[PDB]
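**Q** so I pulled this structure from the PDB, and the sequence comes with it:
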Amino acid sequence: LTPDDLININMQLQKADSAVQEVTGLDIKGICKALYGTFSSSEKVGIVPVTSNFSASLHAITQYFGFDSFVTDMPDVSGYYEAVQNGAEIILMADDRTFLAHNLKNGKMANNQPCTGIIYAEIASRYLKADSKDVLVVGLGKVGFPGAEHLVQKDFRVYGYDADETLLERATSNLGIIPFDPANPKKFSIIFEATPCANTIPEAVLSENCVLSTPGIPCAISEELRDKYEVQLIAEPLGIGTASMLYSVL
Ligand SMILES: NC(=O)c1ccc[n+]([C@@H]2O[C@H](COP(=O)([O-])OP(=O)(O)OC[C@H]3O[C@@H](n4cnc5c(N)ncnc54)[C@H](O)[C@@H]3O)[C@@H](O)[C@H]2O)c1
Ligand SMILES: [Mg+2]
Ligand code: NA
């Protein structure tokens, strides 16, 4: 990582912590502890690079959350061996399809996708100044679906939309979410987006001071629409989802 990148990671996490605290009354750590019922004892976490930067970002992130983390010198299997040999209690590693946390002490394993969906949906659901239990979920994929599922389990009135009609069909029958028509816009104060696309939240769906909790990249909404409605944005590239994985595994 360049000097700029390191500054950016800490800046984004601090900014994310403030935004989450403003919205929910708790920081990311607080959200995680309440979500999972776990507490951190500064567990030793071995981050192993996989050949199928990212790991350097993970190191900065895990240190920020108080973990005793290190990155192995070797990648892949040699790295895994090195991590276990050096007393890693939790292993953190990713290929192109899967990013996992594996707690070797208790056997618990986390997948980044549902962990990210759940925490971003949790943050959204815990908006203190919410005037209803209506929540809009945009994107019902590997991150969105678990997020919507969590909101349903918390007895929220969950509206969902996905541009993939088959996935929308699946979610509407298996989860019991209300299919949302973007052409029939109702106003929401709680929005959860999990899409790799921009401009996915129509203006007409927005109300003033609404919370948009989104792990999606690029941003679901433009800066101009964000400013016009004073949207309380919760958006961070990696750390929040990583914290969710670690706490879910403790
Ligand atoms: N910030 C983080 O920590 C973090 C962690 C994991 C993933 N992500 C990001 O979250 C995003 C979603 O991840 P994923 O694994 O669920 O992807 P995915 O492909 O499994 O799901 C994305 C879904 O969004 C839907 N979609 C696309 N455009 C849409 C539109 N205009 N309206 C409604 N739905 C639309 C697609 O049909 C798809 O089902 C990705 O950008 C990913 O990189 C972020
Ligand atoms: Mg994140
Ligand atoms: Na997006």
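**A** Arrived safely, thanks for sending. Numbering: from 1, shown residues only. Ligands and ions are numbered 1, 2, ... in the order given.

**Q** my guess is residue 54 meets residue 96, correct?
**A** No - look at residue 54 against residue 96 with C-beta atoms under 8 Å: they stay out of range, at 11.0 Å. All C-beta atoms are positioned from the backbone trio N, CA, C, and that covers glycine.

**Q** out of those two, which sits in the more crowded spot?
**A** Comparing residue 54 with residue 96 by other C-beta atoms under 10 Å, the one with more neighbours is residue 54, at 14 against 7.

**Q** so which residues on the chain come close to ligand 2?
**A** Neighbours of ligand 2 within the chain, by C-beta under 5 Å from the ion: 236, 240, 241.

**Q** ok, and the most crowded of those residues?
**A** Neighbour counts for the residues of the chain next to ligand 2 (other C-beta under 10 Å) peak at residue 240, which has 26 neighbours.

**Q** confirm that that residue sits in a strand.
**A** No - counting by DSSP: H, G, I helix; E, B strand; the rest coil, residue 240 is not part of a strand but helix.

**Q** and the gap between it and residue 115?
**A** 10 Å (C-beta to C-beta, to the nearest Å).

**Q** again, but for residue 213
**A** 14 Å.

**Q** close to ligand 1, is the longest helix along the chain?
**A** Secondary structure of the chain per DSSP state H: the longest helix is helix 3-24. No - counting by C-beta under 6 Å from any ligand atom, ligand 1 has no neighbours in helix 3-24; the shortest distance is 9.9 Å.

**Q** likewise for stretch 161-170?
**A** Yes - Stretch 161-170 lies within reach of ligand 1 by C-beta under 6 Å from any ligand atom, at 161, 162, 163, 164, 167.

**Q** contacts made by that stretch with the rest, please.
**A** 136-141, 144-145, 160, 171, 179-182 (C-beta atoms under 8 Å, 6 or more residues apart in numbering).

**Q** so that stretch, near ligand 3 or not?
**A** No - Stretch 161-170 stays clear of ligand 3 (C-beta under 5 Å from the ion), getting no nearer than 11.8 Å.

**Q** can I get that stretch in PDB, CA atoms only?
**A** Extracted C-alpha coordinates of stretch 161-170, given in PDB (Å, rounded to 0.1, in the frame of the first residue of the first chain):
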ATOM      1  CA  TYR A 161     -36.200  -5.100  -5.900                       C
ATOM      2  CA  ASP A 162     -33.700  -6.800  -8.200                       C
ATOM      3  CA  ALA A 163     -33.200  -6.200 -11.900                       C
ATOM      4  CA  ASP A 164     -32.900 -10.000 -12.300                       C
ATOM      5  CA  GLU A 165     -36.600 -11.100 -12.400                       C
ATOM      6  CA  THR A 166     -35.700 -14.700 -11.500                       C
ATOM      7  CA  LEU A 167     -33.900 -13.600  -8.300                       C
ATOM      8  CA  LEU A 168     -36.700 -11.200  -7.400                       C
ATOM      9  CA  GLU A 169     -39.200 -14.100  -7.900                       C
ATOM     10  CA  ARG A 170     -37.000 -16.400  -5.600                       C
END
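
**Q** appreciated, that's everything.
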